[PDB]
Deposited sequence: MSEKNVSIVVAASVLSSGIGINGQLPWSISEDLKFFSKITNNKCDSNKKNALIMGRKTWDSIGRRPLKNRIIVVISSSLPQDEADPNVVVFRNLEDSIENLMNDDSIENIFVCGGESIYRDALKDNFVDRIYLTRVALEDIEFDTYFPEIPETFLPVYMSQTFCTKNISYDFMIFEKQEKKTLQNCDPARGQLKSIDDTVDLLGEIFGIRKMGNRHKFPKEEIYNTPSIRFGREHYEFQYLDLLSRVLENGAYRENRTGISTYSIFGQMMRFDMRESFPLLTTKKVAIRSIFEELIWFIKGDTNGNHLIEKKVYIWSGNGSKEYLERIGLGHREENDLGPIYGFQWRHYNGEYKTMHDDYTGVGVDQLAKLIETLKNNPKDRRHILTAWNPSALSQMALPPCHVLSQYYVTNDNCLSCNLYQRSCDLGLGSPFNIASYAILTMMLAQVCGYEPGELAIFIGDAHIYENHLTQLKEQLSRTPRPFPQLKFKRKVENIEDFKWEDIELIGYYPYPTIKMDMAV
């Protein structure tokens, strides 16, 4: 018995692998991954056999790969006994004689060819599958990768990598001590809620996104999805200011990479434009909700309405005057707020400007902080800061990392918007201060799910994540408030269909 693995790079959605006798992309990291995953062996006296179709053998220029034995499947090619590194077989079944014979082979890799892949899967010869998902689909294919049968299960999904603005992921599909566990379970039986481990129970399979992936949950969307599962599992059913009660947990975090990708969720189509527009709406220090509504962004509609304002004791307020809310605290901290029409230029403390200036004049400073929590202005605000305070870090290799603390988190609506918003903000601050994006860490206080989002989020959990998209700016601005929506280019975003969820006013 010998292990037979499949190595293949296919597109994310249609699973295209080739076009016109060649690859529809050029990724050096992918080819290198192939070379390394095929050169991996234990015995130095042994080699790995590489099975591929005739057309694939033509694709590589009919030249052998070093330290490996290429097996070409063809009905026309002759059994060229000259080259000891290349061998030709009539059929795929007969080609797998590496098992019964030639103990000089340690591993077998089914390496190419839709005609080869399809009948290597159909006749069940494959043990493992190394799938390299690539994030393009608006191109032309003529050769596809066959749909993976239910006999295989994903056990690994790497973080999203980027090469030439192309997103890609590495996945592994597999064909499928007690003492500590027992002790912990027993202690969990003796002590009840006393044992903190029982307060943070591991999510059940029924609410665990892609349960088969246990140790290889490297993709950073899992940082959010596993949180969703955790709230869905240990969430204490509690009431709030709105009529809709939530399942809530306290003290959580999510990490994100921004160097090789952009933390925009793929399990649900997220309105990026609204996020950006809200972000630059903050940056300008604007508190007029209509300015957001005029651009067809209605995320601040419910918290702006006359009924809601009069209800929270702000009946004197105009139809969409949100008050000294974010941006106003960024650009005019401790500034006496009147109306949304007044010109608050020069007044208050401009945290954002000083933040940029400090970021570029003193990167290794341990104070880069932007806050929005102002006790003196909380009573005037239409809604107190959820994403309360942020801190920025400049690494030694000139990268910009961002930490954000969030007192309250709507895992259905608010969360993705916050992640993407502070990601984009981090990128803006990076370009303005002359750095590159780094990492995004979000620390959450009250992580909760509204009871009217249950079926929706449980639907979202039934979707296996796709590689994060890329975000590129079309032009470099001199002032951070000069950013426009047309300046934003989102590359390789192929998310699952949108999920409609109502906001609790």
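Counting the deposited sequence from 1, the stretches lacking C-alpha coordinates are 1-2, 179-192.
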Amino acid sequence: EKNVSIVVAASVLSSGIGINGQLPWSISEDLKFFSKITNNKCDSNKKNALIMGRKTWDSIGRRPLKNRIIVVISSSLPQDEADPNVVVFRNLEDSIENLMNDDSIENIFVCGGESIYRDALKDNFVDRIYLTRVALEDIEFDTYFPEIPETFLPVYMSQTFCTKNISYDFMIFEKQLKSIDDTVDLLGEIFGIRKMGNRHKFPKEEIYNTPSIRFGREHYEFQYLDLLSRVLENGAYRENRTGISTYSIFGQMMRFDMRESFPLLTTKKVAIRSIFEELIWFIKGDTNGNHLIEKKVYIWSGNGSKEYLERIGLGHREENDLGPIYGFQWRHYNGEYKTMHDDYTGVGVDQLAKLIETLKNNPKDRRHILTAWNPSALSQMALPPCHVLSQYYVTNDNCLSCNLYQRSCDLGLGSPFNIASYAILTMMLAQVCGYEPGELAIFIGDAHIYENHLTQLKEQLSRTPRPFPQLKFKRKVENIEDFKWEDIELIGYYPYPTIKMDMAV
From here on, numbers count along this sequence of modelled residues.
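Set 273-281 against 76-84 and average the Cα temperature factors; 76-84 ends up higher.
Stretches 477-485 and 20-28 differ in mean C-alpha B factor, with the higher average recorded for 477-485. Take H448, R463, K41, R466 and read off each C-alpha B-factor from the entry; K41 has the highest. Set against one another, the Cα B-factors of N362, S421, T287, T183 in the record reach their highest point at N362. In this PDB entry, the Cα temperature factor of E459 sits in the middle third of its chain's modelled residues. In the PDB entry, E439 places in the lowest third of its chain by CA B-factor. Looking at the C-alpha B-factors along this chain, the one for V4 belongs to the lowest third.
Residue-level temperature factors show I499 in the lowest third of its chain, judged at the C-alpha atom. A382: CA B factor lies in the highest third for its chain, per the PDB record.
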